Amino acid sequence: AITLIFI
Amino acid sequence: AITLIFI
Amino acid sequence: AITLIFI
Amino acid sequence: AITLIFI
Amino acid sequence: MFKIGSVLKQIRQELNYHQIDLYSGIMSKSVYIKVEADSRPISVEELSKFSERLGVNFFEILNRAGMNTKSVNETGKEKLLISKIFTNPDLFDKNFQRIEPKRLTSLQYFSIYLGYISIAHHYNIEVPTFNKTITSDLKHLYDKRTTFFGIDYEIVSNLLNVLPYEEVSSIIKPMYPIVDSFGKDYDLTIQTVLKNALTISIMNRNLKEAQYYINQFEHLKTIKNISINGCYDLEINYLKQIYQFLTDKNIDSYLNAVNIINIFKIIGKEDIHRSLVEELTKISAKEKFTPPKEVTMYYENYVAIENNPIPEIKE
Amino acid sequence: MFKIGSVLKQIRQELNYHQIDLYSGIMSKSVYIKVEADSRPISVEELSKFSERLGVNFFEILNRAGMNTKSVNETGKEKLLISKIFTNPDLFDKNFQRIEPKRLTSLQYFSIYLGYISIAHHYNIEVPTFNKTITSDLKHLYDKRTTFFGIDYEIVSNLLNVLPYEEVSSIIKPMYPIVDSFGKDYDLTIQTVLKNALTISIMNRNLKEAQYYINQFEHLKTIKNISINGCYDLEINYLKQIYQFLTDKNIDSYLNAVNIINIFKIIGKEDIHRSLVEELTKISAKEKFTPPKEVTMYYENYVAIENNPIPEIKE
Amino acid sequence: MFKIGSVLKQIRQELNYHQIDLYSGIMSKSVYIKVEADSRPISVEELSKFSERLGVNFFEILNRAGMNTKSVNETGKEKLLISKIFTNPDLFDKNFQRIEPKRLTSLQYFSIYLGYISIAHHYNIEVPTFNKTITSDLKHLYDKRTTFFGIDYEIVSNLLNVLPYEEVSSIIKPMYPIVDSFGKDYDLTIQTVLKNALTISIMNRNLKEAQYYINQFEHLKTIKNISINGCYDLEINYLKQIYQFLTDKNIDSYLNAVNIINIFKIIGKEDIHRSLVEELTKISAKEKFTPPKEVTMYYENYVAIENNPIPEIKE
Amino acid sequence: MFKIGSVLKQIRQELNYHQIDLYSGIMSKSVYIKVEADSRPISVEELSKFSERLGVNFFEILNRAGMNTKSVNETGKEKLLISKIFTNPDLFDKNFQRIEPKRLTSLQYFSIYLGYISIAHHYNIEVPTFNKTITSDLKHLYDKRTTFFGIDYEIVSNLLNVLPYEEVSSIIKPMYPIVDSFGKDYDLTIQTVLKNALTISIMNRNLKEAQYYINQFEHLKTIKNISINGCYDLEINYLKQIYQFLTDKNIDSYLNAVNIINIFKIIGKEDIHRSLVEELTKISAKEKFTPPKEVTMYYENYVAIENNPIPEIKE
């Protein structure tokens with residue numbers, strides 16, 4: 001699905 | 001399939 | 001298994 | 001198996 | 001014509017029974033010795049009682065007497081010959097010239113006739129007298145009919161193989177549902193009609209019919225003393241799966257069908273496997289699908305070292 | 001005792017044949033009317049010819065005449081009763097009191113006797129006369145024997161279920177290999193002995209024997225006109241798989257066995273499935289293995305809403 | 001701000017090297033003691049050489065120094081908070097009031113902004129300022145842009161989750177194909193855009209796009225020193241399977257997709273499994289299909305003890 | 001040595017920020033122009049702040065500056081060369097003559113040294129100085145050690161490949177459990193030791209150890225900010241399956257292991273597949289088992305057009 005990325 | 005029977 | 005036959 | 005690592 | 005007496009003696013002596021143990025109550029010791037000598041005829045009634053006294057199956061006694069082979073009479077030999085003419089299509093002509101004229105002599109000969117007609121279509125052999133007279137023949141055989149015997153189902157089974165389903169359809173319907181069993185032979189031919197007709201329905205995507213034949217088969221399992229043929233039950237069950245797939249596009253069903261096809265390979269049924277593979281292929285094509293890599297792998301492998309296979313034949 | 005004449009007429013009239021078409025060449029029009037009226041006995045020979053003239057199967061005619069049910073004579077009723085006494089173990093006593101005394105009256109009654117003995121062990125019912133006299137009985141029945149009939153195989157099949165294999169072993173060996181077929185009934189009992197004996201061998205890890213029974217079964221497929229039972233062929237084939245697994249610890253074989261067990265569920269064979277699951281479980285235990293999650297999942301599910309299942313019974 | 005000197009000493013002493021082994025050739029023993037004391041700043045160049053002398057990774061040294069946690073600066077804390085506000089949607093308001101105004105302060109804050117907007121849609125929270133100003137915002141951020149950094153891909157990844165694909169489409173295209181790697185972080189965000197965009201394409205049956213994103217991902221494997229994320233590679237590969245299924249209705253592909261979904265369960269990826277199941281279900285629905293019994297079995301099981309799941313979040 | 005200033009400018013101008021937006025608060029406009037010109041050194045602290053002002057990742061900036069390639073210093077080139085010498089074993093000699101003498105110059109060179117020693121054993125090349133001095137070398141490197149860095153784990157990973165497990169065992173134990181992450185590089189080498197050691201344990205049926213390494217890996221998933229390598233997690237998970245199989249002879253586990261091996265083929269991991277097949281084969285042999293027909297089918301196919309494969313190498 002849609003992965004929320006916050007690196 | 002179609003079996004040919006000759007009993 | 002063991003089938004009981006009584007024909 | 002055995003991976004040869006050379007970072 | 002059948003050494004039944006011979007068998008009675010054989011069984012009697014092996015079982016250590018004395019003549020008195022048999023004829024006493026039934027017949028005279030002198031006449032019995034006449035029976036056991038194959039000089040005097042024996043009625044099924046008499047044999048029935050001797051069977052009970054010996055403790056050995058009635059039908060087994062008959063079989064041991066020589067009726068354990070459908071080569072006792074004319075028609076018997078002819079049916080056995082069908083297999084021969086099927087792998088030796090050169091013997092077709094001379095033989096077909098002798099059967100064709102007797103095709104309406106009895107249901108037996110007609111079944112044999114349709115037998116040849118099958119061989120012909122297979123080997124693309126010209127049989128003009130067929131297409132010109134079959135509708136007439138059927139009219140003649142099935143017109144004043146109310147009940148059907150084993151050979152009747154045999155005839156229709158072969159008919160489904162050399163006549164477009166639509167022509168055979170109306171002849172079948174009045175032959176089901178079945179309500180009783182009348183022997184292993186009868187139980188077997190009544191299942192072949194269902195199995196061949198269910199195959200044709202599915203191949204034509206005619207699901208309303210396919211559904212009908214499935215129910216008809218399922219019903220047979222309800223009837224007491226009916227011998228349901230293992231293979232057929234397996235192959236019909238596979239057709240049931242593909243049926244459910246065409247209906248609700250359910251994938252589980254498709255897998256099961258494929259899995260069944262697999263089992264036929266596992267247990268050694270070479271032809272059945274070859275058969276159901278080429279079948280699932282076609283049905284998948286007409287459905288805009290591509291069967292698994294193995295199913296599709298066998299296909300080309302078969303259709304190359306096969307090209308034109310011989311249909312199954314039960315006898 | 002059997003309205004055979006009645007059937008001849010029925011078939012003759014339905015097929016639209018005239019009396020002349022039957023008795024002409026065989027018998028007198030007056031005597032034939034006597035046959036077709038069920039007043040005069042008919043010999044199997046006569047019936048054989050009428051069968052050929054009608055174009056309907058000999059055995060089917062017999063079956064339609066009423067011999068299509070093993071309830072025609074005493075022993076017939078008794079065997080049908082076994083099923084009843086098996087689900088109604090309260091009717092055991094009074095009935096067993098009547099069979100026990102006639103157990104050596106004929107192979108038929110002995111098979112029936114062993115039938116009761118099975119029900120007893122199942123329901124943990126005390127049958128002291130058995131353990132005390134069976135070895136004697138067998139000695140008496142199988143001592144001067146050279147050839148075996150269908151009921152013989154039936155007897156040994158039930159025997160394998162109520163007697164330690166080692167005692168039955170020596171009685172079986174002289175009964176194989178089989179060389180001919182003598183009817184569907186005969187073909188069926190000859191396979192049951194093999195199927196029950198192969199099961200016992202595998203359960204005892206006695207592979208040398210298991211191998212033997214497998215070959216014996218495989219051989220049957222060679223014999224002409226032998227009707228190989230579908231189910232058995234499937235269940236025996238599964239036992240073949242587990243056989244190969246115990247031999248070469250090959251995993252493919254184990255999977256196939258599991259896969260076969262699956263097919264029985266897919267096609268509706270409830271009991272067979274339940275049976276082979278509980279079987280693969282035990283055999284895996286004795287082998288220090290843990291069957292897949294489903295196989296092991298069904299087990300507890302069955303053994304809880306089952307605990308003690310009734311063995312399969314063919315009739 | 002970072003005790004880098006502290007680390008140099010620690011590593012130096014553990015490795016048993018003497019100060020001379022470090023500053024000799026680089027700097028003066030007095031100034032070095034000033035560095036190793038965290039009193040004098042150290043240039044990346046100096047650190048680069050000390051790194052080489054110690055034999056320990058440059059980046060590892062930095063990490064050990066305290067830069068091994070994106071909690072060193074403001075934005076760091078804010079991103080960590082997103083997870084908190086996601087499981088504690090009550091803290092949304094007060095926090096969102098502080099981020100919303102700084103959303104254009106830097107790409108960092110904008111990513112954080114979109115972060116909140118995601119939480120809002122999920123918990124059906126009203127965010128009117130979004131729908132009213134996002135197109136403007138994007139215009140402002142991506143207008144005179146030629147090259148893109150890691151945070152750029154991060155922004156677009158979150159954007160694909162709160163804006164109809166069609167609006168995001170044009171912004172993405174000029175960001176691929178990728179030609180080089182610029183760090184694990186960069187390699188990771190560049191794959192998320194692809195993975196989220198490929199998911200959206202497939203869900204919309206927009207195969208021409210799906211194909212594009214697949215090729216773009218496949219291309220990344222070509223680039224040297226690019227760290228391809230395992231999970232993504234597995235999930236993207238599953239999407240590849242379903243892609244081939246929608247294209248050529250091939251069944252093998254569908255099975256593989258299902259099989260991949262299975263592996264996620266086997267290795268413990270709870271959420272990913274839940275995710276891909278609910279996904280294959282929907283895609284199968286829109287396709288007039290019924291997934292296997294297990295896939296369809298998990299669905300209801302999840303959607304009941306789940307109903308509304310939280311999207312995946314990488315940090 | 002690294003055009004960091006160049007990058008700052010590039011990012012600054014692309015983002016449309018003005019010099020004032022960077023040096024204001026940090027440094028003087030004159031000195032900043034000196035930084036952005038690559039004439040004046042920049043401290044990690046300064047860069048840290050510019051990174052925050054730009055809104056672009058610190059490490060990404062470094063990477064873009066040219067530190068995005070381990071070819072910046074001596075050791076870097078040498079490690080890249082290992083791959084070359086591995087497919088061109090003719091270049092072994094002259095090169096090994098140059099590394100061997102510097103093997104104790106720093107952990108870096110020792111890792112490189114062990115690198116060559118691997119190539120030698122593979123190509124059955126004689127390396128007498130190894131067997132004669134390694135125990136000494138290890139004593140020298142790991143004697144007064146309390147903490148371990150990334151290169152430490154790298155060294156032990158390669159060591160497990162050219163030294164009997166028993167000699168390496170004692171060196172590993174004090175290196176686990178791991179409690180923190182110190183970079184992608186560190187997270188990667190710490191997993192390689194576990195993955196290679198778990199492989200060796202399983203191959204030696206030393207389950208007590210295998211169990212330990214599994215727990216150690218499982219523990220890593222607990223640590224915050226630790227990047228668990230996808231592939232390893234998949235391959236280690238497969239080893240977990242075979243572990244459970246050797247323990248409780250459970251068949252499900254064996255299937256899962258086989259299924260995992262399958263996935264590697266499905267997603268394109270050629271070598272990993274080849275690797276795990278040849279592995280499951282050996283382990284099954286030592287266990288008196290015969291893997292499925294495909295696994296066993298690939299084996300001979302590989303071992304023929306392969307015979308002696310090159311071990312995996314991560315860089």
# chains A, B, ... in the order shown; residues from 1 in each chain; ligands from 1
call {"tool": "residues_around", "arguments": {"residues": "residue 310 of chain F", "least_positions_apart": "2", "cutoff": "10 Å", "atoms": "only C-alpha atoms", "output": "CSV table (one decimal) with C-alpha atoms, in the first residue's frame"}}
result
chain,number,residue,atom,x,y,z
F,86,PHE,CA,-23.7,-51.9,13.7
F,87,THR,CA,-25.5,-48.7,14.4
F,119,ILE,CA,-19.3,-55.2,15.6
F,122,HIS,CA,-15.8,-52.2,17.9
F,123,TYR,CA,-18.3,-51.7,20.7
F,271,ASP,CA,-15.4,-41.1,6.0
F,275,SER,CA,-10.0,-42.4,7.9
F,306,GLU,CA,-16.0,-38.9,16.6
F,308,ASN,CA,-14.6,-44.1,17.9
F,312,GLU,CA,-16.2,-48.9,6.2
F,313,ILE,CA,-18.7,-51.5,5.0
call {"tool": "interface_residues", "arguments": {"of": "chain G", "to": "chain E", "cutoff": "10 Å", "atoms": "only C-alpha atoms", "output": "PyMOL selection string"}}
result
chain G and resi 245+248-255+287-294
call {"tool": "closest_residue", "arguments": {"among": "F:115, F:128, F:230, F:174", "to": "chain C", "atoms": "only C-alpha atoms"}}
result
F:115
call {"tool": "residues_around", "arguments": {"residues": "segment 68-77 of chain F", "least_positions_apart": "4", "cutoff": "8 Å", "atoms": "only C-alpha atoms", "output": "list in words"}}
result
residues 7 of chain C; 52, 181, 182, 183 and 225 of chain E; 62, 63, 64, 81, 108, 109 and 112 of chain F
call {"tool": "write_last_selection", "arguments": {"atoms": "N, CA, C and O atoms", "output": "PDB file, in the first residue's frame"}}
result
ATOM      1  N   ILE C   7     -20.730 -58.472   0.333  1.00  0.00           N
ATOM      2  CA  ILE C   7     -21.422 -58.543  -0.947  1.00  0.00           C
ATOM      3  C   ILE C   7     -22.406 -59.713  -1.015  1.00  0.00           C
ATOM      4  O   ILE C   7     -22.745 -60.273   0.046  1.00  0.00           O
TER       5      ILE C   7
ATOM      6  N   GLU E  52     -27.273 -71.222  -3.520  1.00  0.00           N
ATOM      7  CA  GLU E  52     -27.477 -70.998  -2.108  1.00  0.00           C
ATOM      8  C   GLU E  52     -26.920 -72.137  -1.288  1.00  0.00           C
ATOM      9  O   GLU E  52     -26.411 -71.928  -0.186  1.00  0.00           O
ATOM     10  N   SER E 181     -31.190 -49.401 -10.030  1.00  0.00           N
ATOM     11  CA  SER E 181     -30.003 -50.002 -10.609  1.00  0.00           C
ATOM     12  C   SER E 181     -30.412 -51.347 -11.192  1.00  0.00           C
ATOM     13  O   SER E 181     -31.308 -51.994 -10.666  1.00  0.00           O
ATOM     14  N   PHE E 182     -29.771 -51.763 -12.273  1.00  0.00           N
ATOM     15  CA  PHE E 182     -30.094 -53.021 -12.924  1.00  0.00           C
ATOM     16  C   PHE E 182     -28.818 -53.734 -13.344  1.00  0.00           C
ATOM     17  O   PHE E 182     -28.766 -54.406 -14.397  1.00  0.00           O
ATOM     18  N   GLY E 183     -27.767 -53.558 -12.544  1.00  0.00           N
ATOM     19  CA  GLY E 183     -26.516 -54.226 -12.851  1.00  0.00           C
ATOM     20  C   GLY E 183     -25.345 -53.300 -13.049  1.00  0.00           C
ATOM     21  O   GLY E 183     -25.520 -52.138 -13.398  1.00  0.00           O
ATOM     22  N   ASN E 225     -27.648 -49.573  -4.162  1.00  0.00           N
ATOM     23  CA  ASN E 225     -27.022 -50.648  -4.939  1.00  0.00           C
ATOM     24  C   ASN E 225     -26.481 -50.226  -6.292  1.00  0.00           C
ATOM     25  O   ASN E 225     -26.198 -51.073  -7.144  1.00  0.00           O
TER      26      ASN E 225
ATOM     27  N   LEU F  62     -31.769 -60.550 -15.804  1.00  0.00           N
ATOM     28  CA  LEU F  62     -31.827 -61.217 -14.499  1.00  0.00           C
ATOM     29  C   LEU F  62     -32.088 -60.201 -13.406  1.00  0.00           C
ATOM     30  O   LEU F  62     -32.999 -60.381 -12.589  1.00  0.00           O
ATOM     31  N   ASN F  63     -31.303 -59.126 -13.392  1.00  0.00           N
ATOM     32  CA  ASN F  63     -31.468 -58.090 -12.382  1.00  0.00           C
ATOM     33  C   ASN F  63     -32.871 -57.553 -12.386  1.00  0.00           C
ATOM     34  O   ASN F  63     -33.510 -57.498 -11.348  1.00  0.00           O
ATOM     35  N   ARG F  64     -33.375 -57.178 -13.554  1.00  0.00           N
ATOM     36  CA  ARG F  64     -34.732 -56.636 -13.639  1.00  0.00           C
ATOM     37  C   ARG F  64     -35.735 -57.647 -13.147  1.00  0.00           C
ATOM     38  O   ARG F  64     -36.802 -57.277 -12.704  1.00  0.00           O
ATOM     39  N   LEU F  81     -28.573 -56.832   7.563  1.00  0.00           N
ATOM     40  CA  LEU F  81     -28.805 -56.629   8.989  1.00  0.00           C
ATOM     41  C   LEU F  81     -27.532 -56.212   9.733  1.00  0.00           C
ATOM     42  O   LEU F  81     -27.597 -55.487  10.728  1.00  0.00           O
ATOM     43  N   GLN F 108     -20.950 -68.518   3.442  1.00  0.00           N
ATOM     44  CA  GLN F 108     -21.802 -67.355   3.556  1.00  0.00           C
ATOM     45  C   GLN F 108     -22.018 -66.985   5.003  1.00  0.00           C
ATOM     46  O   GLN F 108     -21.730 -65.856   5.421  1.00  0.00           O
ATOM     47  N   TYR F 109     -22.517 -67.941   5.780  1.00  0.00           N
ATOM     48  CA  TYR F 109     -22.785 -67.706   7.186  1.00  0.00           C
ATOM     49  C   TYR F 109     -21.550 -67.380   8.007  1.00  0.00           C
ATOM     50  O   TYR F 109     -21.637 -66.686   9.027  1.00  0.00           O
ATOM     51  N   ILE F 112     -20.805 -63.815   7.598  1.00  0.00           N
ATOM     52  CA  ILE F 112     -21.773 -63.100   8.406  1.00  0.00           C
ATOM     53  C   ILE F 112     -21.330 -63.168   9.862  1.00  0.00           C
ATOM     54  O   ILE F 112     -21.428 -62.195  10.617  1.00  0.00           O
TER      55      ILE F 112
END
call {"tool": "closest_residue", "arguments": {"among": "H:165, H:148, H:130, H:176", "to": "chain D", "atoms": "only C-alpha atoms"}}
result
H:165
call {"tool": "residues_around", "arguments": {"residues": "residue 3 of chain A", "least_positions_apart": "4", "cutoff": "9 Å", "atoms": "only C-alpha atoms", "output": "PDB file with C-alpha atoms, in the first residue's frame"}}
result
ATOM      1  CA  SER G 157       5.572  10.000  -1.218  1.00  0.00           C
ATOM      2  CA  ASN G 158       3.277  11.433   1.440  1.00  0.00           C
ATOM      3  CA  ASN G 161      -1.405   9.507  -0.018  1.00  0.00           C
ATOM      4  CA  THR G 192       8.877   4.865  -1.596  1.00  0.00           C
ATOM      5  CA  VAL G 193       7.596   7.211  -4.294  1.00  0.00           C
ATOM      6  CA  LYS G 195       6.208   1.845  -4.412  1.00  0.00           C
ATOM      7  CA  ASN G 196       3.307   4.144  -3.483  1.00  0.00           C
ATOM      8  CA  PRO G 311      -0.859   3.152   7.096  1.00  0.00           C
ATOM      9  CA  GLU G 312       2.773   2.073   7.199  1.00  0.00           C
ATOM     10  CA  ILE G 313       5.280   4.678   8.406  1.00  0.00           C
ATOM     11  CA  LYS G 314       9.051   4.521   7.845  1.00  0.00           C
TER      12      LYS G 314
END
call {"tool": "residues_around", "arguments": {"residues": "segment 261-265 of chain E", "least_positions_apart": "4", "cutoff": "12 Å", "atoms": "only C-alpha atoms", "output": "MDAnalysis selection string"}}
result
(chainID E and resid 230:232 234:239 241:242 254:257 269:281 292 294:295 298) or (chainID F and resid 230 233:235 237:238 255:264)
call {"tool": "residues_around", "arguments": {"residues": "residue 6 of chain D", "least_positions_apart": "5", "cutoff": "7 Å", "atoms": "only C-alpha atoms", "output": "list in words"}}
result
residues 79, 154, 314 and 315 of chain H
call {"tool": "closest_atom_pairs", "arguments": {"of": "chain F", "to": "chain B", "cutoff": "12 Å", "atoms": "only C-alpha atoms", "output": "tab-separated table"}}
result
residue	atom	partner	partner_atom	distance
F:56	CA	B:7	CA	11.1
F:57	CA	B:7	CA	9.1
F:58	CA	B:7	CA	11.7
F:59	CA	B:7	CA	11.7
F:60	CA	B:7	CA	11.7
F:225	CA	B:7	CA	10.5
call {"tool": "atom_distance", "arguments": {"atom1": "atom CA of residue 102 of chain F", "atom2": "atom CA of residue 144 of chain F"}}
result
20.6 Å
call {"tool": "residues_around", "arguments": {"residues": "residue 243 of chain H", "least_positions_apart": "3", "cutoff": "8 Å", "atoms": "only C-alpha atoms", "output": "list in words"}}
result
residues 202, 207, 210, 211, 239, 240, 246 and 247 of chain H
call {"tool": "write_last_selection", "arguments": {"atoms": "C-alpha atoms", "output": "JSON list (two decimals), in the first residue's frame"}}
result
[["chain", "number", "residue", "atom", "x", "y", "z"],
["H", 202, "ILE", "CA", 23.01, -25.41, 10.87],
["H", 207, "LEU", "CA", 21.61, -26.60, 17.03],
["H", 210, "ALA", "CA", 22.09, -22.02, 15.70],
["H", 211, "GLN", "CA", 19.45, -21.31, 18.28],
["H", 239, "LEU", "CA", 17.48, -21.05, 8.17],
["H", 240, "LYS", "CA", 15.02, -20.67, 11.04],
["H", 246, "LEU", "CA", 16.06, -30.50, 12.46],
["H", 247, "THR", "CA", 14.60, -29.95, 15.92]]
